[PDB]
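Worksheet: the structure to be examined is printed underneath.
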Amino acid sequence: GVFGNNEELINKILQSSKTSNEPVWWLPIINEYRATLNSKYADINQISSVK
Amino acid sequence: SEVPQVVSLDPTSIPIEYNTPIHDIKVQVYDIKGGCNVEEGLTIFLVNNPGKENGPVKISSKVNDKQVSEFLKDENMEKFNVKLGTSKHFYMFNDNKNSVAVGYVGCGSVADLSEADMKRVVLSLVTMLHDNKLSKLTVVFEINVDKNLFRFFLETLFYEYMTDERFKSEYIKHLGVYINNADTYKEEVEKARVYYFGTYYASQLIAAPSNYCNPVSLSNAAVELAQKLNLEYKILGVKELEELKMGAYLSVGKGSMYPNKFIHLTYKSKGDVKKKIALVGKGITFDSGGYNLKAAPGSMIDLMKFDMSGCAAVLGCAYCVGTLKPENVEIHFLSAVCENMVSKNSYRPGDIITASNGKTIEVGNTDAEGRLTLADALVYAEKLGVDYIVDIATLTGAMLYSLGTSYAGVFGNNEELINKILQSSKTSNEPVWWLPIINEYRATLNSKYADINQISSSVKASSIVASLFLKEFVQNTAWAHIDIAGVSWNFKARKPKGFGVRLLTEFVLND
Amino acid sequence: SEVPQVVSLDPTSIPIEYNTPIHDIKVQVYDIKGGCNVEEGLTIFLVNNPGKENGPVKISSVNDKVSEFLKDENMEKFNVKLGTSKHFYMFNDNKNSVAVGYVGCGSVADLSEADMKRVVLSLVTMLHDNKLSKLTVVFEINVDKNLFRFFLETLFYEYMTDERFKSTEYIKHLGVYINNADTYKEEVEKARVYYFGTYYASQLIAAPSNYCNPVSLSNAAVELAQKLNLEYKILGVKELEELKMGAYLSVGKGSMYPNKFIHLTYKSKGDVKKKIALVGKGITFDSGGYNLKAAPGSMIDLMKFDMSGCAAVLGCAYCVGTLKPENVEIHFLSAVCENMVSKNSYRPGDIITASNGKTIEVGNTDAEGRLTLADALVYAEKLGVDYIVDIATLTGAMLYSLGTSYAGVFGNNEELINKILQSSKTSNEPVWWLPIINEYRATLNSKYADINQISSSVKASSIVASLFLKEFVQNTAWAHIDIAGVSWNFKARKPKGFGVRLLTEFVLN
Amino acid sequence: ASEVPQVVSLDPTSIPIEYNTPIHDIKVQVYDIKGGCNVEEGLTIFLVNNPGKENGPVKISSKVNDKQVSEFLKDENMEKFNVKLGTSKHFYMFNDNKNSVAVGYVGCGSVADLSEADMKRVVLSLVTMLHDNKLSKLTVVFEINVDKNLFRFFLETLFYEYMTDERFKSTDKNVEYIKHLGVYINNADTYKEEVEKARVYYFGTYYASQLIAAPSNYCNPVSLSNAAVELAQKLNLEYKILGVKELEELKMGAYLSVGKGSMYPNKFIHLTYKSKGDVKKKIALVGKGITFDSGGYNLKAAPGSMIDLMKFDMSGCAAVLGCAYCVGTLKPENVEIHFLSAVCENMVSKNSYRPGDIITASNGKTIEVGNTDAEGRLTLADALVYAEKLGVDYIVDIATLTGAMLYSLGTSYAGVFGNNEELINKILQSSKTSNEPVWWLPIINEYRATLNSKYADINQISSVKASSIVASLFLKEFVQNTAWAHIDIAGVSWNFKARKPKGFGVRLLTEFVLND
Ligand SMILES: CC(C)C[C@@H](C(=O)N[C@H](C(=O)O)c1ccccc1)[C@H](O)C(=O)NO
Ligand SMILES: CC(C)C[C@@H](C(=O)N[C@H](C(=O)O)c1ccccc1)[C@H](O)C(=O)NO
Ligand SMILES: [Zn+2]
Ligand SMILES: [Zn+2]
Ligand SMILES: [Zn+2]
Ligand SMILES: [Zn+2]
Ligand SMILES: [Zn+2]
Ligand SMILES: [Zn+2]
């Protein structure tokens, strides 16, 4: 699986995947799940409590 | 058909609300460039603050009321911030000594609002309404929304505002909207109200417990829906299902006290037909798992009336299509409805059953019941001679591990159809992500004795494997499969989402 | 009334022993001051020793010169460790062979509920391996009038052996030497009655579920009512439909046995200054339903025990019907059914309607007891009674809370709680008061129904369940006795018949 | 003051503590309702109910010394709103001086006597009005009846929830605490004494909360004992911290074994308060101080285990130090109090103690370990032996001991066990006046036999699921002839929904020390 913050880079990853013949699939970074990392005390949680 | 009972106190029909209080709301849209009137009711400003995170609230719209303008001055509003979803509202008297409420909902610091961002904004509004007895709500959009997102706003507002009290023992009458380019958005209002009910209608079917919503009662409700819309309808019973040789579907329901019922609605255009579309929905009114009983920690068996969400999504689409009445199109709404139960009459792990296309199938897990019924529905669908077959189903719990509770996955054998669905996901704002059918896993379905395995032994990646199974029952037609298992139920709100209704409708309307 | 069968070899009734060898035992009680004589059988001295580790035994009295065996020098070789025992056989003055011995009662002077039980098991052990015709017991320790009765009751119960289901002896006389004997004599026949009431309950609980089903159990209740002389009424499905008991009826939907609501009634010849309803959970087998008991620890092979509340209720009916109390009206209630897996069963998620109109969302088909108890409490309150006491094996959490010795009681009225606690003291069946915390009520707020059956969370399972039941009592003092932890004796692999003596002491006081 | 060991230099060497909180900067003024209410600057809130009528209409019943604000609050206008418990509404209006003021209410239901949970629900609603609003002044008007204790409880709880812990934030923080608090109530002069008593109890509670919320890399045996020393110094309390060598001398084999696997040396905390008066009662308070409970070789690996929460296993100690603050501040008369905690960390190592190991307590009793995750009773055992040698009238210990508390009493009520009815009844009474709910649970002697070890004097655990009772039976064996009580707060210490500690026990223990 490939995740990213930039479509140009991701597609380059996909393009390299095609020519290297090492298969990779694009998966989404879903911002709605970001709130599950809101820690009560630290700046951020390491993990969710959203499987 | 007569719904069988064990005792006389067992319900014989699903209660359905057709006339909702939402249908009583007169909606008016005004242009923002002209300023706001704040006479009656509750007035809410949707405000953001670009580049300053949790920044101060600043209203920037002239209001034709001196008492409310003093309230909305910057010195007073800077006492609030725009953190997404945050809200404040005050009750006060305006210039003519009438009681009004004014407030805001924070829309963050990001110009571009998402499908999720808009949902949290809407919930904040809804929280104020569930505490409000007033007759009018006015919403002022000091943010950017396209025509689609504005419709999504109304749909979501409508959906959340409505409360289901069928099993229990002061709604607004007017909705005002100030938005830029108002006249372009007016056409979205009544389209939203339709999309609203289709989703809520599906919601009612899903939320209905399995003693209320069973194969017979759901098929009866489908007929009743068809009669109110005027759609051709046909319910296939066991005897006909036996002569169509639908052994996979029929096996699944053997252990139920309720006869199998196959739902077939049809919309036909008065036009000439340039597209035939079949929509297929998973219709398991309760998934106990059968002899593969759902007893493992996490199985969520208390939630398993929801396993007919796909079917509900299809009926929800049927309402919208039957109401909006698109042209040049013929739509078949299909669902092989049954109940997956434990009994002496139940089918067993290891049983080899024969689908209606002649393929023999070895059952390895009776809780993989959905793909077995869908198999027969897909064979039924393709013989209809359609251009597109789209199935939607709460098929695999694995989706929770892959895409989660917000995005559904779409699989298919045809890239154009997949692309059309993604486009439909993008204009309906019901998020879908394209997932692969990896052909290399196909060998894991090779049975030693039967034509094909029902499940793999091996290859965790069950969502793909389930799609590989389904692909075997569509021979020569463009087909797509949407797993809504992760997204169907709203776990936080303890209610259904009615997911898929708007997605499928946008697919038939914009194609 | 006819028990349905799958095959002809299936039992159509519960076998019941009414006339036990215990009812055949001659009991007489003497004052220790007159001395003891050791004619026939086995004579046992109950002795303690304040300042023991445990310390040596010392006897004190015997009108037969054998006084010498029990001399201080020989007896000092044995110790008084609670439960320790030794008995020796000898020839007496009349050249007859007699057996003499001791049971150690520790050093704590006033013996408790548990400790006295340990004494009895030790006594019973000697009786089970010996062919005695008479047993004589000497109390060289001090006990209450109530604890003595408890001694007798427990003795009788542990001594009795259930052989109903076997394919492949008892003493006829019991002697007791104690001081102020004339004060204890009234306790003897009361004990034998409490014995059978307890043993009767034990018989019902121990009866396997193929023998003890909703029909066969309701039949036994009628037979009990008939011999006793108690007014009886048995509700079948058609009158339960009437009455709209949807919660109770859903639980039994998956069973091959029709639901039967048991209603026995006792009315005093006195004038009635108290009307009491006793309600018992009567699940003849708890499979758990679609929430099948498949998890480790569920003990599904024991779930015939899930009608212990019902059994306790009928056992109480025996004592009440026999002892015939004054100024009391008692209703013996149990909504009996079976929780099974079937095409006809109720499902997780189902919304059902109780007889008071409240809609209930089922979250776990294994939370079946509170569903049946809900309708029973509505029915109970409709009789227009002053006190409602329900007793049920409701929650396994009780094992984590109080364990296997003390039962928990919950309630809405402190006086009723006070009477139950007082009854626990004189009945010597240990009970502890637990709180109904209203702060947890919100966990039952359903999205669709009037109320949730269970919490989704809130591991305070016993308290949440008590909260559930309380919603079905509007204006009556009600207490709830949870015997899920105390009903079964795991070590001895038999029932305790817990609650029979507790409930009876409650109506008597 | 000892040196906190580090594995890397980035390891924290002290627990951050906020002593001077924005709450302490708040000027609190109390007025009598009979003089009327002035509707100021800031936000003015009415606490209203409607006795015997459920979700009934709102009616203000206190003279407002403003014609414009009286007119707005006339009930013609107010009955469109209801008093449903937790409900709240905001009002905007202009007063007699043509100034803009804010007014509102919080519904207090229909039950007249508000329980502690109800009042919390009232307070939580108040805090929502305080959050996201930049008020400079908050005014509360009591149109409901509360006794002196419940009024104090109102303040304590208000302060607690209003306060936000930002010690461990760096790149996350945003907007502003009120500086003034006005209270309108009838018979105000009787309630004035509760104000500063609340401010103290609040912080003792928040102080305990801060220690518990502190993660185990911050809050360890050394850093926690350091914080206790530092606290004693600010309060002029006598302190002594026992290290490994003294604990060895004192032969505390049970306590010392538990800490063998930790990189942090064991630290025993002993604070003391003595009145200049003559001492007429001596009390020992013992708190469980496991800075992290991994479970040891009985590792917490089962699904319900809550291993990320186990920094909270020193809540008992935290309540005790929190009590020390309150006592050290209020300075009670004729009393001598010992604040004790055997602090350590239960870890997995080559040096860890093993399941099956037999250890010797300071009173000579040999103990067979059956489960290393039952480490708390081992530390309390030596702490209780230490406590009794001090020659006190009462020994009260408080601990997150058994998860069974969640199955028995839940998350709201703590359990108390004991060997003396008069002590149990003083603790229960303290629960009433502190409004920290506690319920009396039994120590069942029939269960003592399962602690009968084949080789050691006694087993650490049974092999009988009544864990809280068995643990109490264990502890009872380490108090010979002194009145003793055990408070199991395992279920009530952490607020799961809020995702924070409660600081449970501070007010209960403090009230217990004060009312004799
Ligand atoms: C299903 C209900 C919760 C009742 C159930 C019960 O308590 N089940 C649980 C289990 O043993 O798995 C459990 C035990 C202790 C603590 C928490 C949960 C009881 O056995 C019953 O079926 N009564 O009808
Ligand atoms: C097991 C111990 C004797 C005490 C321990 C405990 O009670 N654990 C729970 C229990 O026994 O109910 C639990 C165990 C496994 C899985 C889930 C929950 C407590 O957490 C602790 O370690 N205190 O120090
Ligand atoms: Zn399934
Ligand atoms: Zn399914
Ligand atoms: Zn059950
Ligand atoms: Zn049960
Ligand atoms: Zn532990
Ligand atoms: Zn611990």
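These protein sequence lines are chains C, D, F and A, in that order. When the letters of the first sequence are read in order and numbered with the entry's author numbering, they come out as residues 501 to 549, 551 to 552. When the letters of the second sequence are read in order and numbered with the entry's author numbering, they come out as residues 86 to 254, 262 to 603. When the letters of the third sequence are read in order and numbered with the entry's author numbering, they come out as residues 86 to 146, 148 to 151, 153 to 255, 262 to 602. When the letters of the fourth sequence are read in order and numbered with the entry's author numbering, they come out as residues 85 to 259, 262 to 549, 551 to 603. Positions of the beta carbon are idealized from the N, C-alpha and C atoms, including for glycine.
- Using a cutoff of 7 Å, the CB of residue 575 (chain F) does not count as near ligand 1, since none of the ligand's heavy atoms is closer than that.
- With respect to chain F, the C-beta atom of residue 496 (chain A) has a partner C-beta closer than 8 Å.
- One residue after another in chain order, those with a Cβ under 5 Å from a heavy atom of ligand 5 are F:379, F:459 and F:461.
- In terms of beta-carbon proximity, residue 157 (chain A) stays away from the interface with chain F, with every pair separated by 8 Å or more.
- With a cutoff of 8 Å on beta-carbon distance, residue 225 (chain A) and residue 179 (chain A) are scored as not near each other.
- Between the stretch 586 to 601 of chain A and the stretch 406 to 418 of chain A there are three or more inter-stretch CB-CB distances shorter than 8 Å, so the stretches are counted as touching.
- Not a single heavy atom of ligand 6 lies less than 7 Å from the C-beta of residue 377 (chain F).
- When only Cα atoms are considered, residue 485 (chain A) and residue 403 (chain A) end up about 8 Å apart.
- Taking 8 Å as the cut-off, the Cβ atoms of residue 186 (chain D) and residue 219 (chain D) count as close.
- In the three-state scheme derived from DSSP, where H, G and I count as helix and E and B as strand, residue 319 (chain D) is classed as helix.
- By the neighbour-count definition (other C-beta atoms within 10 Å, threshold 16), residue 118 (chain A) is an exposed residue.
- Taken from the Cβ of residue 249 (chain D), every heavy atom of ligand 4 lies 7 Å or farther away.
- For residue 446 (chain A), the closest alpha carbon among the candidates A:343, A:483 and A:520 is that of A:343.
- Between residue 188 (chain F) and residue 173 (chain F), the C-beta gap is smaller than 8 Å, which places the two residues in contact.
- Taken through DSSP and simplified to helix, strand or coil, residue 424 (chain D) comes out as strand.
- When C-beta distances to chain D are compared with 8 Å, the residues of the stretch 163 to 176 of chain A below that value are 164, 171, 173, 174, 175 and 176, in chain order.
- Residue 391 (chain A) has its Cβ nearer than 7 Å to a heavy atom of ligand 2.
- With respect to the 8 Å criterion, residue 298 (chain F) and residue 378 (chain F) are not classified as neighbours on the basis of their beta carbons.
- Measuring C-alpha to C-alpha distances from residue 177 (chain D) to each of D:155, D:293 and D:232 identifies D:155 as the nearest.
- DSSP places residue 161 (chain A) in the helix class (H, G or I) of the three-state scheme.
- Assigned with DSSP and collapsed to three states, residue 231 (chain D) falls in coil, not helix or strand.
- With contacts defined by Cβ atoms closer than 8 Å, residue 370 (chain F) and residue 321 (chain F) do not form a contacting pair.
- The stretch 314 to 331 of chain D makes contact with the stretch 405 to 412 of chain D: 3 or more CB pairs, one atom from each, lie closer than 8 Å.
- If one requires a minimum length of 3 residues, the beta strand (DSSP E) runs lying completely within the stretch 263 to 307 of chain A are 266 to 271, in chain order.
- Contacts with chain D at 8 Å (Cβ-Cβ) do not include residue 524 (chain C).
- Around the C-beta of residue 251 (chain A), fewer than 16 other C-beta atoms lie within 10 Å, and the residue is accordingly described as exposed.
- Taking all protein chains shown into account, residue 152 (chain D) has 16 or more neighbouring C-beta atoms within 10 Å of its C-beta and is therefore buried.
- Rounded to whole angstroms, the Cβ separation of residue 120 (chain F) and residue 148 (chain F) is 7 Å, and the two are in contact under 8 Å.
- Residue 296 (chain F) and residue 278 (chain F) have their C-alpha atoms some 28 Å from each other.
- Here residue 574 (chain D) is actually not in contact with residue 590 (chain D); their C-beta atoms are around 14 Å apart, not less than 8 Å.
- Relative to residue 163 (chain F), the option among F:182, F:133 and F:170 whose CA is nearest is F:133.
- Using a 10 angstroms sphere on the CB of residue 101 (chain A), the tally of other CB atoms stays under 16, which defines it as exposed.
- At least one beta carbon of chain A lies nearer than 8 Å to the beta carbon of residue 139 (chain D).
- If you ignore the 5 residues before and after residue 271 (chain D), its C-beta comes within less than 8 Å of the C-beta of 114, 115, 116, 117, 226, 230, 235 and 277, all in its own chain and listed in chain order.
- In this structure, DSSP gives residue 473 (chain D) a helical state, which the three-state scheme calls helix.
- For residue 373 (chain D), the shortest C-beta to heavy atom distance toward ligand 3 is 7 Å or greater.
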